[PDB]
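The block underneath contains the structure these notes are about, expressed in structure tokens.
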Amino acid sequence: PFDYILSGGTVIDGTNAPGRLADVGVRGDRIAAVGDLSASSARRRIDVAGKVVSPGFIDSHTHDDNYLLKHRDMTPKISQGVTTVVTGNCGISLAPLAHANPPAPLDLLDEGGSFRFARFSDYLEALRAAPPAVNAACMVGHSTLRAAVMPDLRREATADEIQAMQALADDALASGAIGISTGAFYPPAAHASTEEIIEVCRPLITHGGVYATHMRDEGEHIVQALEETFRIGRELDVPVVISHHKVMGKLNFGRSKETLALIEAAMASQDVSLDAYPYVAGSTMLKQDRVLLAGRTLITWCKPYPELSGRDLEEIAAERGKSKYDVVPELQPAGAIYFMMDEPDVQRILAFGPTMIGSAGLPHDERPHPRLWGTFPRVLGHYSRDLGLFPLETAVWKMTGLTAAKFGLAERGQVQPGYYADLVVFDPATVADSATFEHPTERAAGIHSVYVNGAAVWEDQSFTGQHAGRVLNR
Ligand SMILES: [Zn+2]
Ligand SMILES: [Zn+2]
């Protein structure tokens with residue numbers, strides 16, 4: 001007898017196929033059967049008529065490393081239908097590094113002395129001992145490795161440092177990390193050479209992990225950063241994941257046509273994947289960058305002047321008698337939201353076949369970018385249903401089946417008998433992102449319930465208390 005059967009709904013199984021009327025039976029942490037299950041005994045038959053039952057959403061791009069430990073309910077994600085998170089992106093992982101004041105953007109994961117895990121394995125052990133509501137697929141970050149090894153970061157690593165970083169990278173993979181990420185765009189790794197990155201990431205082929213990257217540049221020199229990424233993939237011979245793809249700055253609007261053709265061509269000869277969030281504004285550390293600071297900029301938090309949270313940077317700069325660019329140093333460390341992308345490029349990137357969905361949410365931010373709470377429903381409702389950017393089954397595939405395949409999360413991402421029961425029940429007609437820039441923490445509409453490994457984690461718009469998540473390995 002099944003524990004429960006979700007009956008009367010439409011299943012969108014994650015294989016990019018139109019939905020079909022069918023029930024879904026669960027037994028323990030597995031999907032037992034799918035189809036007309038009226039003849040199967042079950043302890044509960046949950047009416048989900050009018051709803052869609054799909055695989056739980058896998059957030060391909062998170063910075064939930066620390067949040068998973070500090071807020072095990074993971075409300076920002078489970079209230080959106082997310083059942084699994086990929087952590088340690090853009091070269092930023094919580095472990096391995098014991099440091100009381102890590103260099104930005106590492107501070108985006110910190111709540112005060114959070115960087116206390118000396119070994120990557122200590123971090124994973126802490127997650128297993130006190131599981132979060134979602135599953136976690138963790139990567140180790142190259143910038144974190146740099147901060148842990150190099151006394152001085154504004155230079156290339158020596159052979160000995162490279163040996164030290166590679167050793168850490170290898171232990172992490174050995175412990176269960178699913179890959180290694182980089183973020184040469186940022187200060188901690190701006191002086192890292194392509195060869196340093198390659199040497200440090202060689203353990204990837206031995207352990208079979210992926211190389212994920214916040215490319216060195218995403219504007220004027222994006223072709224060069226793309227070629228560097230492709231080159232790295234060829235030298236390591238592992239799959240590469242291009243993080244939050246975009247063309248930023250007015251001088252680059254419209255160039256998504258050019259970038260997607262380069263990526264498409266590369267996919268024909270080597271293993272390449274990419275993800276993106278559905279918004280025209282980005283968000284990270286406050287940084288002296290001519291392009292990031294060209295348009296509207298909002299402060300998400302600020303250490304020296306906390307009362308600046310939520311304020312427009314132009315106003316702050318003007319009142320301090322400077323350009324946004326010049327006022328940045330005296331406000332650091334801080335976080336910001338940057339409106340530097342164009343809707344047409346974002347739509348093109350999202351619609352591009354292989355693009356997976358990733359939030360890039362920054363959960364510790366005082367006044368966060370709404371992507372943290374609205375990413376997935378925004379794709380399902382606004383883009384798929386309201387704008388018809390793709391049919392619902394394809395939008396679902398982009399956050400379930402596709403993603404599970406690229407990160408190698410076996411037996412998840414599909415509503416198939418024998419697979420784990422990570423599931424979402426949503427209303428296709430009302431599902432929507434409620435979070436806005438003005439109110440970035442509003443709970444999404446149309447998400448009925450969410451199950452992780454067969455246990456309901458979200459019901460009646462509330463965390464159930466089930467710490468059902470598991471640390472996953474690729
Ligand atoms: Zn990121
Ligand atoms: Zn990034």
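Residue numbering restarts at 1 for every chain of the structure tokens, chains are lettered A, B, ... in their displayed order, and ligands are numbered from 1 as they appear.
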Taking the chain letters and numbering used in this document, name the residues of segment 254-375 of chain A that DSSP puts in strand (DSSP E), as an mmCIF file with N, CA and C atoms, in the first residue's frame.
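And here's result_39.cif as it stands now:
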data_model
loop_
_atom_site.group_PDB
_atom_site.id
_atom_site.type_symbol
_atom_site.label_atom_id
_atom_site.label_comp_id
_atom_site.auth_asym_id
_atom_site.auth_seq_id
_atom_site.Cartn_x
_atom_site.Cartn_y
_atom_site.Cartn_z
ATOM 1 N N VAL A 272 29.133 21.497 -22.747
ATOM 2 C CA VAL A 272 28.809 22.816 -22.227
ATOM 3 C C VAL A 272 27.335 22.960 -21.825
ATOM 4 N N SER A 273 27.109 23.579 -20.661
ATOM 5 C CA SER A 273 25.773 23.846 -20.116
ATOM 6 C C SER A 273 25.725 25.313 -19.590
ATOM 7 N N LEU A 274 24.532 25.852 -19.338
ATOM 8 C CA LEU A 274 24.423 27.222 -18.808
ATOM 9 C C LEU A 274 23.090 27.351 -18.072
ATOM 10 N N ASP A 275 22.991 28.362 -17.202
ATOM 11 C CA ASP A 275 21.750 28.666 -16.479
ATOM 12 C C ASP A 275 21.625 30.190 -16.405
ATOM 13 N N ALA A 276 20.456 30.658 -15.981
ATOM 14 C CA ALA A 276 20.199 32.076 -15.859
ATOM 15 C C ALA A 276 18.997 32.300 -14.957
ATOM 16 N N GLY A 282 21.052 42.372 -11.746
ATOM 17 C CA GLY A 282 21.927 41.413 -11.097
ATOM 18 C C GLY A 282 22.105 41.846 -9.651
ATOM 19 N N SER A 283 22.958 41.135 -8.914
ATOM 20 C CA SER A 283 23.177 41.457 -7.510
ATOM 21 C C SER A 283 24.368 40.708 -6.934
ATOM 22 N N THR A 284 25.222 41.450 -6.248
ATOM 23 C CA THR A 284 26.383 40.888 -5.602
ATOM 24 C C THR A 284 26.977 41.975 -4.691
ATOM 25 N N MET A 285 28.244 41.815 -4.329
ATOM 26 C CA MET A 285 28.949 42.787 -3.500
ATOM 27 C C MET A 285 28.902 44.169 -4.173
ATOM 28 N N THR A 297 21.109 51.526 -9.292
ATOM 29 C CA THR A 297 21.793 50.668 -8.337
ATOM 30 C C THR A 297 21.164 50.874 -6.953
ATOM 31 N N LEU A 298 20.844 49.762 -6.291
ATOM 32 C CA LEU A 298 20.224 49.781 -4.976
ATOM 33 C C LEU A 298 21.137 49.081 -4.001
ATOM 34 N N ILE A 299 21.181 49.579 -2.765
ATOM 35 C CA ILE A 299 22.001 48.976 -1.722
ATOM 36 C C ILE A 299 21.173 47.892 -1.027
ATOM 37 N N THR A 300 21.717 46.678 -0.962
ATOM 38 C CA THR A 300 21.032 45.567 -0.304
ATOM 39 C C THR A 300 21.420 45.461 1.191
ATOM 40 N N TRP A 301 22.600 45.981 1.536
ATOM 41 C CA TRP A 301 23.123 46.014 2.914
ATOM 42 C C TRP A 301 24.428 46.807 2.891
ATOM 43 N N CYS A 302 24.872 47.286 4.047
ATOM 44 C CA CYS A 302 26.101 48.086 4.112
ATOM 45 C C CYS A 302 26.664 48.044 5.525
ATOM 46 N N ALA A 334 29.673 46.293 1.359
ATOM 47 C CA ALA A 334 28.229 46.419 1.201
ATOM 48 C C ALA A 334 27.747 45.526 0.037
ATOM 49 N N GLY A 335 26.430 45.444 -0.144
ATOM 50 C CA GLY A 335 25.847 44.675 -1.235
ATOM 51 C C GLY A 335 24.946 45.593 -2.073
ATOM 52 N N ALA A 336 24.672 45.212 -3.318
ATOM 53 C CA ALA A 336 23.827 46.021 -4.191
ATOM 54 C C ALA A 336 23.094 45.209 -5.254
ATOM 55 N N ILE A 337 22.112 45.862 -5.863
ATOM 56 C CA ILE A 337 21.315 45.307 -6.947
ATOM 57 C C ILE A 337 21.671 46.244 -8.115
ATOM 58 N N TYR A 338 22.008 45.670 -9.271
ATOM 59 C CA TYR A 338 22.414 46.440 -10.437
ATOM 60 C C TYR A 338 21.502 46.233 -11.653
ATOM 61 N N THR A 355 19.176 26.264 -21.754
ATOM 62 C CA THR A 355 19.311 27.070 -20.534
ATOM 63 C C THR A 355 18.495 26.585 -19.336
ATOM 64 N N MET A 356 19.197 26.241 -18.249
ATOM 65 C CA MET A 356 18.570 25.789 -17.002
ATOM 66 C C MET A 356 18.224 27.019 -16.149
ATOM 67 N N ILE A 357 17.329 26.850 -15.188
ATOM 68 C CA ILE A 357 16.933 27.970 -14.332
ATOM 69 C C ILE A 357 17.709 27.969 -13.001
#
Note to self: Could you list, as a list in words, every residue within 10 Å of residue 290 of chain A, counting only C-alpha atoms and ignoring same-chain residues fewer than 4 positions away?
What the structure shows: residues 249, 294, 295, 324, 325 and 326 of chain A
Export of prior selection with N, CA, C and O atoms as a PDB file, in the first residue's frame:
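The resulting selection-v3.pdb:
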ATOM      1  N   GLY A 249      25.549  45.815 -19.472  1.00  0.00           N
ATOM      2  CA  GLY A 249      25.956  47.133 -19.935  1.00  0.00           C
ATOM      3  C   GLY A 249      25.287  47.470 -21.258  1.00  0.00           C
ATOM      4  O   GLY A 249      25.194  46.624 -22.140  1.00  0.00           O
ATOM      5  N   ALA A 294      26.687  51.793 -13.958  1.00  0.00           N
ATOM      6  CA  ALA A 294      26.200  52.731 -14.952  1.00  0.00           C
ATOM      7  C   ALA A 294      24.731  53.106 -14.762  1.00  0.00           C
ATOM      8  O   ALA A 294      24.376  54.290 -14.832  1.00  0.00           O
ATOM      9  N   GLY A 295      23.885  52.110 -14.510  1.00  0.00           N
ATOM     10  CA  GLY A 295      22.466  52.376 -14.338  1.00  0.00           C
ATOM     11  C   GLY A 295      21.994  52.349 -12.899  1.00  0.00           C
ATOM     12  O   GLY A 295      22.791  52.469 -11.961  1.00  0.00           O
ATOM     13  N   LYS A 324      28.627  57.483  -8.460  1.00  0.00           N
ATOM     14  CA  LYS A 324      28.452  56.220  -7.769  1.00  0.00           C
ATOM     15  C   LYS A 324      29.809  55.532  -7.661  1.00  0.00           C
ATOM     16  O   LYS A 324      30.185  55.031  -6.600  1.00  0.00           O
ATOM     17  N   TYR A 325      30.555  55.540  -8.757  1.00  0.00           N
ATOM     18  CA  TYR A 325      31.873  54.908  -8.806  1.00  0.00           C
ATOM     19  C   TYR A 325      32.796  55.413  -7.692  1.00  0.00           C
ATOM     20  O   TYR A 325      33.412  54.635  -6.977  1.00  0.00           O
ATOM     21  N   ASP A 326      32.886  56.724  -7.531  1.00  0.00           N
ATOM     22  CA  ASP A 326      33.762  57.270  -6.504  1.00  0.00           C
ATOM     23  C   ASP A 326      33.273  57.082  -5.072  1.00  0.00           C
ATOM     24  O   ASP A 326      34.077  56.996  -4.140  1.00  0.00           O
TER      25      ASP A 326
END
Item checked: Shell of 9 Å around ligand 2 (only C-alpha atoms and all ligand atoms), written as a list in words ->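 What falls inside 9 Å of ligand 2 is residues 61, 89, 90, 91, 92, 182, 183, 185, 186, 213, 214, 215, 243, 244, 283, 284 and 360 of chain A.
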Note to self: I'd like to know which of A:105, A:14, A:310, A:176 is closest to residue 55 of chain A, using only C-alpha atoms.
What the structure shows: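 The answer is A:14, which sits nearest to residue 55 of chain A.
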Checklist line | Residues near segment 117-134 of chain A, cut-off 8 Å, only C-alpha atoms, skip fewer than 2 positions along chain, as an MDAnalysis selection string | finding: chainID A and resid 68:69 71:74 78 82:85 94:98 115 136 140 171:172 175 452 457 466:471
Check: Looking only at the backbone, which of the residues in segment 321-470 of chain A does DSSP tag as alpha helix (DSSP H), as a ChimeraX atom specification?
Finding: /A:324-327,343-351,371-377,392-397,401-407
Would you put the residues from that selection into a file with N, CA and C atoms, as a tab-separated table (two decimals), in the first residue's frame?
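Here's the written file result.tsv:
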chain	number	residue	atom	x	y	z
A	324	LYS	N	28.63	57.48	-8.46
A	324	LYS	CA	28.45	56.22	-7.77
A	324	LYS	C	29.81	55.53	-7.66
A	325	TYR	N	30.55	55.54	-8.76
A	325	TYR	CA	31.87	54.91	-8.81
A	325	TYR	C	32.80	55.41	-7.69
A	326	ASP	N	32.89	56.72	-7.53
A	326	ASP	CA	33.76	57.27	-6.50
A	326	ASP	C	33.27	57.08	-5.07
A	327	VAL	N	31.96	56.98	-4.88
A	327	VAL	CA	31.46	56.83	-3.52
A	327	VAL	C	31.55	55.40	-2.94
A	343	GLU	N	15.64	43.32	-21.18
A	343	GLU	CA	14.65	42.24	-21.27
A	343	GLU	C	14.77	41.31	-22.48
A	344	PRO	N	14.97	41.86	-23.69
A	344	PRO	CA	15.09	41.02	-24.90
A	344	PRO	C	16.23	40.01	-24.82
A	345	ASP	N	17.36	40.42	-24.24
A	345	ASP	CA	18.49	39.50	-24.09
A	345	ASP	C	18.13	38.42	-23.07
A	346	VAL	N	17.50	38.83	-21.98
A	346	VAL	CA	17.12	37.89	-20.93
A	346	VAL	C	16.15	36.85	-21.48
A	347	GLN	N	15.16	37.29	-22.26
A	347	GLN	CA	14.19	36.38	-22.85
A	347	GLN	C	14.86	35.41	-23.82
A	348	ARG	N	15.76	35.93	-24.66
A	348	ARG	CA	16.49	35.11	-25.62
A	348	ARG	C	17.30	34.03	-24.88
A	349	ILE	N	18.04	34.44	-23.85
A	349	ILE	CA	18.84	33.50	-23.06
A	349	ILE	C	17.93	32.44	-22.41
A	350	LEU	N	16.82	32.86	-21.76
A	350	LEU	CA	15.91	31.89	-21.14
A	350	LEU	C	15.33	30.90	-22.15
A	351	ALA	N	14.88	31.40	-23.31
A	351	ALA	CA	14.27	30.57	-24.33
A	351	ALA	C	15.26	29.61	-25.01
A	371	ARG	N	14.78	37.73	-6.86
A	371	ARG	CA	15.03	36.41	-7.46
A	371	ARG	C	15.11	35.32	-6.38
A	372	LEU	N	15.50	35.74	-5.17
A	372	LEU	CA	15.62	34.84	-4.03
A	372	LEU	C	14.31	34.13	-3.68
A	373	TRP	N	13.18	34.79	-3.94
A	373	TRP	CA	11.87	34.24	-3.64
A	373	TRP	C	10.94	34.04	-4.82
A	374	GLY	N	11.28	34.58	-6.00
A	374	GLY	CA	10.36	34.45	-7.12
A	374	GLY	C	10.81	33.80	-8.41
A	375	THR	N	12.07	33.40	-8.47
A	375	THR	CA	12.64	32.81	-9.67
A	375	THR	C	11.86	31.74	-10.39
A	376	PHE	N	11.59	30.63	-9.71
A	376	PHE	CA	10.91	29.53	-10.38
A	376	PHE	C	9.46	29.80	-10.81
A	377	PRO	N	8.64	30.39	-9.93
A	377	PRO	CA	7.25	30.68	-10.35
A	377	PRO	C	7.22	31.74	-11.45
A	392	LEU	N	4.52	25.01	-20.92
A	392	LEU	CA	4.78	24.63	-19.54
A	392	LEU	C	5.69	23.42	-19.34
A	393	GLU	N	5.55	22.39	-20.17
A	393	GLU	CA	6.39	21.20	-20.00
A	393	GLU	C	7.86	21.49	-20.25
A	394	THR	N	8.12	22.45	-21.14
A	394	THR	CA	9.49	22.83	-21.44
A	394	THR	C	10.03	23.71	-20.30
A	395	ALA	N	9.19	24.57	-19.74
A	395	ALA	CA	9.64	25.41	-18.63
A	395	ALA	C	9.97	24.51	-17.42
A	396	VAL	N	9.16	23.47	-17.24
A	396	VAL	CA	9.37	22.54	-16.15
A	396	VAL	C	10.66	21.77	-16.41
A	397	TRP	N	10.84	21.28	-17.63
A	397	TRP	CA	12.04	20.51	-17.98
A	397	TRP	C	13.30	21.30	-17.61
A	401	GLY	N	14.24	17.94	-15.16
A	401	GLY	CA	14.94	16.93	-15.95
A	401	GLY	C	16.27	17.36	-16.56
A	402	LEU	N	16.28	18.53	-17.17
A	402	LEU	CA	17.52	19.03	-17.78
A	402	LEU	C	18.61	19.18	-16.71
A	403	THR	N	18.28	19.91	-15.65
A	403	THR	CA	19.19	20.20	-14.57
A	403	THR	C	19.72	18.95	-13.86
A	404	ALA	N	18.84	17.98	-13.60
A	404	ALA	CA	19.27	16.75	-12.93
A	404	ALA	C	20.31	16.03	-13.80
A	405	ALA	N	20.08	16.03	-15.12
A	405	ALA	CA	21.01	15.39	-16.04
A	405	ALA	C	22.39	16.09	-16.07
A	406	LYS	N	22.40	17.42	-16.19
A	406	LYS	CA	23.67	18.15	-16.24
A	406	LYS	C	24.53	18.12	-14.99
A	407	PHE	N	23.91	18.05	-13.81
A	407	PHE	CA	24.67	18.02	-12.57
A	407	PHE	C	24.83	16.59	-12.07
Next item on the list: Choose the residue, out of A:148, A:200, A:223, A:399, that has the smallest atom-to-atom separation from residue 259 of chain A; count only C-alpha atoms.
Entry: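 Closest candidate: A:223.
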Notebook entry, point to check: Which of these residues is nearest to ligand 1, using only C-alpha atoms and all ligand atoms: A:147, A:109, A:17, A:341?
Noted result: A:109
When you look at segment 18-24 of chain A with a cut-off of 12 Å (counting only C-alpha atoms), what residues show up, excluding the ones that are within fewer than 6 positions of it in the same chain? I need them as a tab-separated table (two decimals) with N, CA, C and O atoms, in the first residue's frame.
chain	number	residue	atom	x	y	z
A	2	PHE	N	0.53	2.21	-0.86
A	2	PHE	CA	1.28	3.45	-0.94
A	2	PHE	C	1.00	4.32	0.29
A	2	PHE	O	-0.07	4.19	0.93
A	3	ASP	N	1.95	5.18	0.64
A	3	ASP	CA	1.76	6.09	1.77
A	3	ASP	C	0.67	7.07	1.37
A	3	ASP	O	-0.23	7.36	2.15
A	4	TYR	N	0.76	7.56	0.14
A	4	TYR	CA	-0.26	8.46	-0.37
A	4	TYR	C	-0.26	8.44	-1.88
A	4	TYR	O	0.70	7.99	-2.50
A	5	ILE	N	-1.36	8.86	-2.47
A	5	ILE	CA	-1.44	8.95	-3.91
A	5	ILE	C	-1.92	10.35	-4.15
A	5	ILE	O	-2.84	10.80	-3.48
A	6	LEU	N	-1.27	11.06	-5.07
A	6	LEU	CA	-1.67	12.42	-5.42
A	6	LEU	C	-2.55	12.14	-6.63
A	6	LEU	O	-2.04	11.86	-7.72
A	7	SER	N	-3.87	12.19	-6.46
A	7	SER	CA	-4.74	11.84	-7.58
A	7	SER	C	-5.62	12.90	-8.20
A	7	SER	O	-6.02	13.86	-7.54
A	8	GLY	N	-5.91	12.67	-9.49
A	8	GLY	CA	-6.78	13.55	-10.25
A	8	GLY	C	-6.10	14.70	-10.97
A	8	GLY	O	-6.77	15.47	-11.64
A	9	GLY	N	-4.77	14.80	-10.87
A	9	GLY	CA	-4.09	15.91	-11.53
A	9	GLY	C	-3.47	15.60	-12.87
A	9	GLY	O	-3.71	14.54	-13.46
A	10	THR	N	-2.68	16.55	-13.35
A	10	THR	CA	-1.98	16.42	-14.61
A	10	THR	C	-0.49	16.28	-14.30
A	10	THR	O	0.08	17.13	-13.63
A	11	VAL	N	0.13	15.21	-14.76
A	11	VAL	CA	1.55	15.05	-14.53
A	11	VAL	C	2.37	15.61	-15.69
A	11	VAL	O	2.03	15.43	-16.85
A	12	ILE	N	3.41	16.37	-15.33
A	12	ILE	CA	4.38	16.93	-16.25
A	12	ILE	C	5.62	16.27	-15.64
A	12	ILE	O	6.17	16.72	-14.62
A	30	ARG	N	10.34	7.04	-2.34
A	30	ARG	CA	10.28	6.78	-3.78
A	30	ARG	C	8.90	6.94	-4.40
A	30	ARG	O	7.88	6.79	-3.74
A	31	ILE	N	8.90	7.25	-5.69
A	31	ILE	CA	7.69	7.37	-6.47
A	31	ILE	C	7.44	5.91	-6.83
A	31	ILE	O	8.25	5.30	-7.54
A	32	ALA	N	6.34	5.34	-6.34
A	32	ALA	CA	6.06	3.93	-6.60
A	32	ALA	C	5.45	3.64	-7.96
A	32	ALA	O	5.81	2.67	-8.61
A	33	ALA	N	4.52	4.47	-8.39
A	33	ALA	CA	3.86	4.25	-9.65
A	33	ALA	C	3.27	5.55	-10.14
A	33	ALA	O	3.07	6.49	-9.35
A	34	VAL	N	3.00	5.60	-11.44
A	34	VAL	CA	2.43	6.78	-12.09
A	34	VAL	C	1.41	6.23	-13.08
A	34	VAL	O	1.71	5.27	-13.79
A	35	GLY	N	0.23	6.84	-13.13
A	35	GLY	CA	-0.80	6.40	-14.06
A	35	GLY	C	-2.18	6.39	-13.42
A	35	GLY	O	-2.44	7.20	-12.54
A	36	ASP	N	-3.07	5.52	-13.88
A	36	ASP	CA	-4.39	5.42	-13.28
A	36	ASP	C	-4.13	4.50	-12.09
A	36	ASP	O	-3.93	3.32	-12.28
A	37	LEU	N	-4.12	5.05	-10.88
A	37	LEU	CA	-3.81	4.26	-9.70
A	37	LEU	C	-4.99	3.96	-8.79
A	37	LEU	O	-4.81	3.64	-7.61
A	38	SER	N	-6.20	4.05	-9.35
A	38	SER	CA	-7.43	3.80	-8.62
A	38	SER	C	-7.48	2.41	-8.02
A	38	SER	O	-8.07	2.21	-6.96
A	39	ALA	N	-6.85	1.44	-8.69
A	39	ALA	CA	-6.84	0.06	-8.20
A	39	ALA	C	-5.75	-0.21	-7.17
A	39	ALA	O	-5.62	-1.33	-6.68
A	40	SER	N	-4.96	0.80	-6.83
A	40	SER	CA	-3.89	0.61	-5.85
A	40	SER	C	-4.29	1.07	-4.47
A	40	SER	O	-4.72	2.22	-4.29
A	42	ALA	N	-3.93	2.66	-0.92
A	42	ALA	CA	-3.07	3.76	-0.43
A	42	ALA	C	-3.67	4.26	0.87
A	42	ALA	O	-4.89	4.20	1.03
A	44	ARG	N	-3.74	7.33	1.88
A	44	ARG	CA	-4.38	8.62	1.65
A	44	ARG	C	-4.41	8.86	0.16
A	44	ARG	O	-3.45	8.54	-0.54
A	45	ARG	N	-5.51	9.42	-0.31
A	45	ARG	CA	-5.65	9.69	-1.73
A	45	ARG	C	-5.95	11.18	-1.73
A	45	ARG	O	-7.06	11.61	-1.44
A	46	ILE	N	-4.91	11.97	-2.03
A	46	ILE	CA	-4.94	13.42	-2.00
A	46	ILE	C	-5.41	14.03	-3.32
A	46	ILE	O	-4.71	13.95	-4.33
A	47	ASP	N	-6.59	14.64	-3.30
A	47	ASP	CA	-7.14	15.24	-4.50
A	47	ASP	C	-6.37	16.47	-4.94
A	47	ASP	O	-6.28	17.46	-4.21
A	48	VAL	N	-5.78	16.39	-6.12
A	48	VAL	CA	-5.02	17.49	-6.68
A	48	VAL	C	-5.63	17.83	-8.05
A	48	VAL	O	-4.93	18.21	-8.99
A	49	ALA	N	-6.95	17.67	-8.15
A	49	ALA	CA	-7.64	17.99	-9.41
A	49	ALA	C	-7.39	19.46	-9.77
A	49	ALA	O	-7.44	20.34	-8.90
A	50	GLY	N	-7.13	19.72	-11.04
A	50	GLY	CA	-6.89	21.08	-11.47
A	50	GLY	C	-5.45	21.51	-11.30
A	50	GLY	O	-5.06	22.58	-11.76
A	51	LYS	N	-4.65	20.66	-10.65
A	51	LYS	CA	-3.24	20.96	-10.40
A	51	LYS	C	-2.30	20.17	-11.29
A	51	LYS	O	-2.71	19.23	-11.97
A	52	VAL	N	-1.02	20.54	-11.27
A	52	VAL	CA	0.01	19.84	-12.00
A	52	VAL	C	0.91	19.20	-10.93
A	52	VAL	O	1.20	19.81	-9.91
A	53	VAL	N	1.33	17.95	-11.15
A	53	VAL	CA	2.26	17.34	-10.23
A	53	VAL	C	3.54	17.21	-11.07
A	53	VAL	O	3.53	16.57	-12.13
A	54	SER	N	4.62	17.85	-10.64
A	54	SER	CA	5.88	17.79	-11.38
A	54	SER	C	7.03	17.44	-10.45
A	54	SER	O	6.84	17.32	-9.24
A	55	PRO	N	8.25	17.22	-11.01
A	55	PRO	CA	9.37	16.91	-10.11
A	55	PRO	C	9.65	18.20	-9.29
A	55	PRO	O	9.27	19.30	-9.73
A	390	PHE	N	7.63	29.63	-23.80
A	390	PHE	CA	7.80	28.21	-24.06
A	390	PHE	C	6.61	27.53	-23.40
A	390	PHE	O	5.97	28.12	-22.52
A	391	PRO	N	6.27	26.31	-23.85
A	391	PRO	CA	5.14	25.61	-23.21
A	391	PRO	C	5.52	25.20	-21.78
A	391	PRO	O	6.71	25.03	-21.46
A	392	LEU	N	4.52	25.01	-20.92
A	392	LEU	CA	4.78	24.63	-19.54
A	392	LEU	C	5.69	23.42	-19.34
A	392	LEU	O	6.52	23.43	-18.44
A	393	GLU	N	5.55	22.39	-20.17
A	393	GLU	CA	6.39	21.20	-20.00
A	393	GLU	C	7.86	21.49	-20.25
A	393	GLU	O	8.74	20.86	-19.66
A	394	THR	N	8.12	22.45	-21.14
A	394	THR	CA	9.49	22.83	-21.44
A	394	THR	C	10.03	23.71	-20.30
A	394	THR	O	11.19	23.58	-19.91
A	395	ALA	N	9.19	24.57	-19.74
A	395	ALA	CA	9.64	25.41	-18.63
A	395	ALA	C	9.97	24.51	-17.42
A	395	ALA	O	10.94	24.76	-16.69
A	396	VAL	N	9.16	23.47	-17.24
A	396	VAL	CA	9.37	22.54	-16.15
A	396	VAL	C	10.66	21.77	-16.41
A	396	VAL	O	11.49	21.64	-15.51
A	397	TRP	N	10.84	21.28	-17.63
A	397	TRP	CA	12.04	20.51	-17.98
A	397	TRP	C	13.30	21.30	-17.61
A	397	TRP	O	14.25	20.75	-17.04
A	414	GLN	N	12.68	13.74	-12.36
A	414	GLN	CA	11.67	13.13	-13.22
A	414	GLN	C	10.57	12.46	-12.42
A	414	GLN	O	10.84	11.87	-11.38
A	415	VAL	N	9.33	12.55	-12.90
A	415	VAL	CA	8.26	11.87	-12.20
A	415	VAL	C	8.19	10.47	-12.86
A	415	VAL	O	7.39	10.25	-13.76
A	416	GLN	N	9.07	9.57	-12.40
A	416	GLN	CA	9.20	8.17	-12.90
A	416	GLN	C	9.17	7.14	-11.77
A	416	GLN	O	9.71	7.37	-10.70
A	417	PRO	N	8.55	5.97	-12.02
A	417	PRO	CA	8.53	4.97	-10.96
A	417	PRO	C	9.97	4.62	-10.60
A	417	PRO	O	10.80	4.42	-11.48
A	418	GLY	N	10.27	4.53	-9.30
A	418	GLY	CA	11.62	4.19	-8.88
A	418	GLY	C	12.47	5.40	-8.53
A	418	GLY	O	13.47	5.28	-7.80
A	419	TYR	N	12.11	6.58	-9.06
A	419	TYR	CA	12.88	7.80	-8.73
A	419	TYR	C	12.47	8.30	-7.35
A	419	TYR	O	11.44	7.91	-6.82
A	421	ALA	N	11.05	10.69	-4.50
A	421	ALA	CA	9.86	11.50	-4.52
A	421	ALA	C	10.04	13.01	-4.22
A	421	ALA	O	9.46	13.53	-3.26
A	422	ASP	N	10.88	13.71	-4.99
A	422	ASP	CA	10.97	15.16	-4.82
A	422	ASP	C	9.88	15.63	-5.79
A	422	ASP	O	10.03	15.46	-6.99
A	423	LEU	N	8.81	16.23	-5.28
A	423	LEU	CA	7.68	16.64	-6.10
A	423	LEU	C	7.07	17.99	-5.75
A	423	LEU	O	7.16	18.46	-4.62
A	424	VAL	N	6.43	18.60	-6.74
A	424	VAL	CA	5.74	19.85	-6.49
A	424	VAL	C	4.33	19.71	-7.02
A	424	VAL	O	4.10	19.06	-8.04
A	425	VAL	N	3.37	20.29	-6.31
A	425	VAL	CA	1.99	20.30	-6.76
A	425	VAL	C	1.70	21.79	-6.92
A	425	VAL	O	1.72	22.52	-5.93
A	428	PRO	N	-1.17	25.57	-12.41
A	428	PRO	CA	-0.65	26.20	-13.65
A	428	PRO	C	-1.32	27.51	-13.98
A	428	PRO	O	-0.71	28.39	-14.58
A	454	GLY	N	9.84	12.17	-0.52
A	454	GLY	CA	8.56	11.64	-0.08
A	454	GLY	C	7.85	12.32	1.08
A	454	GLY	O	6.68	12.04	1.33
Check: Which one of A:151, A:358, A:187, A:209 sits closest to ligand 1 if you count only C-alpha atoms and all ligand atoms?
Finding: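 Between A:151, A:358, A:187, A:209, the residue approaching ligand 1 most closely is A:358.
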Check: A:370, A:141, A:113, A:354: which is nearest ligand 1, counting only C-alpha atoms and all ligand atoms?
Finding: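 Closest residue, counting only C-alpha atoms and all ligand atoms: A:141.
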Note to self: Using only C-alpha atoms for the distances, tell me which of A:206, A:261, A:107, A:315 is nearest to residue 188 of chain A.
What the structure shows: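 Comparing A:206, A:261, A:107, A:315 against residue 188 of chain A, the winner is A:107.
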Next item on the list: One decimal, Å: what's the distance from atom CA of residue 60 of chain A over to atom CA of residue 86 of chain A, could you say?
Entry: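 Computed distance, atom CA of residue 60 of chain A to atom CA of residue 86 of chain A, equals 5.3 Å.
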Next item on the list: For atom CA of residue 210 of chain A and atom CA of residue 180 of chain A, determine how far apart the two atoms are, in Å to one decimal place.
Entry: 6.6 Å
